[PDB]
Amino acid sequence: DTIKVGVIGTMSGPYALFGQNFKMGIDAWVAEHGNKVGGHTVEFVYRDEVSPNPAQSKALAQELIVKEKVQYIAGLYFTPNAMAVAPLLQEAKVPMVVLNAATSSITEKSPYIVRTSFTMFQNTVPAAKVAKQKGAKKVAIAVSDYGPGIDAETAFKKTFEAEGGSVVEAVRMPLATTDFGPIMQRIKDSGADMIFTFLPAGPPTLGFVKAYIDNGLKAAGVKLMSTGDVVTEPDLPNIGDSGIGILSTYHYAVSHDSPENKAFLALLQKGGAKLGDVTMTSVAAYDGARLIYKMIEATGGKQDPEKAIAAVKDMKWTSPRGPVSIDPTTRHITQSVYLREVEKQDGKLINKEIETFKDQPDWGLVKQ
C-alpha cells in the first residue's frame, strides 16, 4: 500500500529556507534510498507552518491525521508548534519525528516522539565551557523570550557560573523584536567582554548579528558566542566578512569533513538543492527519514506506534553530522557538539569545526 508522512515546516515566508531544507533532506534520503520499504510506498506531503503560531500547526496536524490519514508526522521548526501537536499523537496513533524544535521538554510530552535535531541545553553547555576556555569573564546573555531561549539562558548561566564566570546581564527579547539597536546599547553599558545569544535562525539572527557588528561591539573587543542557530550557512554571505571570528557551538556544519557528509552533500545536489542553501534542518530531515523508514520496516507498514518507537529508541548509526544514537531515556539524538568559528575557506565563508565534544545527551533532561 501507500504510507503517508505529513511534514509540517516553514515552507514559505521569512523562515522559508528552513522548511525547504526539510524537503531537501528528505529528497536526498529518497535519492539514495528510494521510496519503498518492502512493498510499501512512502509518500511525504508538506504543510506550511509559516511562523511560531501554534493554531496554524495544530490545525495542519489535525487535517493530516483526519483527511490525509498519515501514519507519521515530521518536522516542526518552532517549539510552540511542536508542543501544540504533541498531545494529538497518542490518540491518533501517529508518531512525530521532530526535525528542529529544540526545547528539552518536548520529548516528554508524548511517548510517540523521537527527535533528530538537537536541544538547546545540548549545544549550550559546550558553549559555556568554551566561553571559559576562551577567557571570558563577564558575559551578557541575550535570548529570544520563549522556550528554547529560556533553556539556553538557563543552561549558560548554570554552566558558566560554575566555572567561575560572571553573567552581568541577561535579557529575554520578545520574538517580535526587530530593532536590536537598544539591546546593543544595554550590552555596551553592561561591561561584558562576551555575549552569549540565541534567536531562532532566520531574520532575527541576521538582525541581531548585523546590529552587533554595525554598532561596533565586535570591533570594541566584545566577543560573540552563540549556538549555531545564529550563523546558519546561507546567511554567512549576508553577515559577510565582518562575521569572521564569531564562535558557535552546534551539532552540524555543511563543512563537516567525513565521507558521510560528502555523500549527503552529493545527494542534496542530486535531489535538486543548491549547496549554498543547505543548513541544519536538512540533516535532521535526512536522519528523520531514516528513522521513519526503520519504523515502517519494523511494523510491516502497519499503524503501530508503540512498536515503531520501540524499533528506534536506542538505535545507533552514522549521520552526515557525525556518529549519533537515540537515548532511550529521552528519545533525543545523542551527538557530538562542535565548536566552530566563522572563517574563509577557499574564498567562501564557512563554520569551521575546530573542536569536538563527543556524545552529548540532552543536558536539559539527564540531570533532572
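From 1 onward, residues are counted along the sequence shown.
In this entry, the higher average B-factor at the C-alpha atoms falls on 84-92, of the pair 117-125 and 84-92.
For the pair 143-151 and 159-167, the mean B factor over Cα atoms is greater in 159-167. Across the options 59, 26, 324, 337, the residue with the most elevated CA B-factor in the record is 59. Per the deposited coordinates, the residue with the largest Cα temperature factor out of 77, 180, 252, 196 is 180.
Annotation for residue 214: CA B-factor lies in the middle third of the chain's modelled residues. Residue 223: CA B factor lies in the middle third for its chain, per the PDB record. Remark: residue 234 belongs to the middle third of its chain, ranked by C-alpha B-factor as recorded.
When the CA B factors of the chain's modelled residues are split into thirds, the value for residue 277 lands in the middle one.
Ranked by C-alpha B-factor against the other modelled residues of its chain, residue 329 falls in the middle third.
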